[PDB]
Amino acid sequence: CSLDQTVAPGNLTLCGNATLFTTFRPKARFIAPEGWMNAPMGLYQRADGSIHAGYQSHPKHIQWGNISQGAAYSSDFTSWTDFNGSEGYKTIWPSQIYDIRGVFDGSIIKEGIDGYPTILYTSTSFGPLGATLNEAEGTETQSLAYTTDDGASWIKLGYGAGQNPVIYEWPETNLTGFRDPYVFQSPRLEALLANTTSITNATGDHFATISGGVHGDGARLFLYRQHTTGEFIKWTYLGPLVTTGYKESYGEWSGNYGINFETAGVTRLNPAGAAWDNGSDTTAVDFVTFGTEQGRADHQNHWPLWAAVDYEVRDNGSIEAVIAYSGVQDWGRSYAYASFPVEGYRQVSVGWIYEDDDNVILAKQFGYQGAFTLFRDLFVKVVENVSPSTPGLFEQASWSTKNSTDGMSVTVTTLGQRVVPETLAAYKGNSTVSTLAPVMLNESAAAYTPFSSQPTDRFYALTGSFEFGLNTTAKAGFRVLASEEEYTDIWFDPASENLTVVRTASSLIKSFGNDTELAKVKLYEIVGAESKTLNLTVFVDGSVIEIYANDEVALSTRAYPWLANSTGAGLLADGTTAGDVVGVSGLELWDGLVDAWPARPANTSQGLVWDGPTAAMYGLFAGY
């Protein structure tokens, strides 16, 4: 096997384990030291202000199995340090009959057992497990563990009656799934339920949702309430919080609700960030975020969605979250978004970006799979003075509209997402920053125009504001990871409202995915404006391309160019003329970003192992 990146790639399947470890690997984001990772889990801000991040982990393997919590910490979301204990960077692992099949996703009770941070997680045991299988009660249960050393280790409650698992009875029959407990406090829900606590006897200050669905009848998010404040064993099922139909879609801007929910969370936001009011803040909005499965033909059958909801109290002392509008958290190769509270009235969200090697052709050669997204502040995005002639504005798809008294302008409300400012500041400050001159794209514009300053490697950020005419048919955007022979094109086409990532030339290596990514972006036209603007920011980090538009739309994807010089970037233009012009301004290149794992050497592989012939006998894990 040749690793010569100045010539065409050979047959890379002949290369040894982890021989391509550094070739495509992100350096500026959260990623496991090696091996398989998936969903973020156990996220919390520790007492010292640092962030604890857990993740679903299978060290020394490149497929899922024996799933455990790997963990690390950071003071700024950006520069991280691994925990190191008796199980390396793992801090929770399968060890008991109730969780031996996997320590699945879980979330944090900050003041839990004996006052310590406490995780409620899905403990899995034997049997068919999956939304398309005939799962039985007991295969997925919910269990507790607590930490006396700020996440270096966790102590599980004992197995048995009145101990672990703490939630095991299915709340309804024929579930498609029963996992991913999300624990949260909610002055809002407490106020809504306060007149019904005699019906249920549940008066605790923590709520928990469990994600699932019902066979043949769509997804469900089940709401539990802690029975008594300061006691963590008894959780009382109230009722279904979110109920959607079998492969129901709210429309083109909203993905598809599939057959089963995963990793669902509940939050309340206002324009500044997290809102902890009881309903009295008229600017605050209740949101649910959730993954759905089997409602999508590609992207591992997974949609990471969100919905704004209006809560209604049922007669039996439960809550119906009625969906008001519904959107997409990320349109690309990401899933399993977890959100958590951060000091200063913030709610921060992070997800998992999977690879684009679904046939597992070069996974062993990588020696790892997966990374996180960047950490994102959630908030209510409010756009004032929106023109009523904005096309499709009153579909109110993934946004709400409020007319002015005179009917001449509209206020638009939707979910806002932006990269946490700590990361943007660290990235910019550690990079070589080039502030680029504005560019008018007209009849003289080439299809591709390289920036006047170029990246030096596969670790950079780009930003720009693209000003379009209101009736434009021109397209513009950014080309990244570019040489003559390999490149990835990020286009926005205002006439169709489509942001695309064209990957037909992303790599000479043909086994990686090359399908076109697509997001919908609504340019809310402002009253009196004779143009409409797209603010586009792109992070390039090894193989990750993570795109943000207007602090609203996110699209994560993957590109794996072979050639060492496929690092360039610049502007894309199509159909720009003397009359149909695209003005690009606020252009900036940040070359280098940050080394996110300063204590790690370049190659943190420990090799790969095979579980042997028993893996197929047990039938639980691939074994590699």
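One-based numbering along the sequence shown.
Mean CA B-factor, 141 to 149 versus 446 to 454: the higher value falls on 446 to 454. When the C-alpha B-factors of 60 to 68 and 575 to 583 are averaged, 575 to 583 comes out higher.
For the set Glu312, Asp330, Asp541, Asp105, the maximum C-alpha B-factor listed in the entry falls on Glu312. Across the residues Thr423, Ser125, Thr196, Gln417, the deposited record lists the maximum Cα B factor for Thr196.
Ranked by C-alpha B-factor against the other modelled residues of its chain, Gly612 falls in the lowest third. Per-chain ranking of the deposited C-alpha B factor places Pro165 in the lowest third. Sort the modelled residues of the chain by CA B factor and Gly367 lands in the lowest third.
Ranked against the other modelled residues of its chain, the C-alpha B-factor of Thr289 as given in the entry falls in the middle third. When the CA B factors of the chain's modelled residues are split into thirds, the value for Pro240 lands in the highest one.
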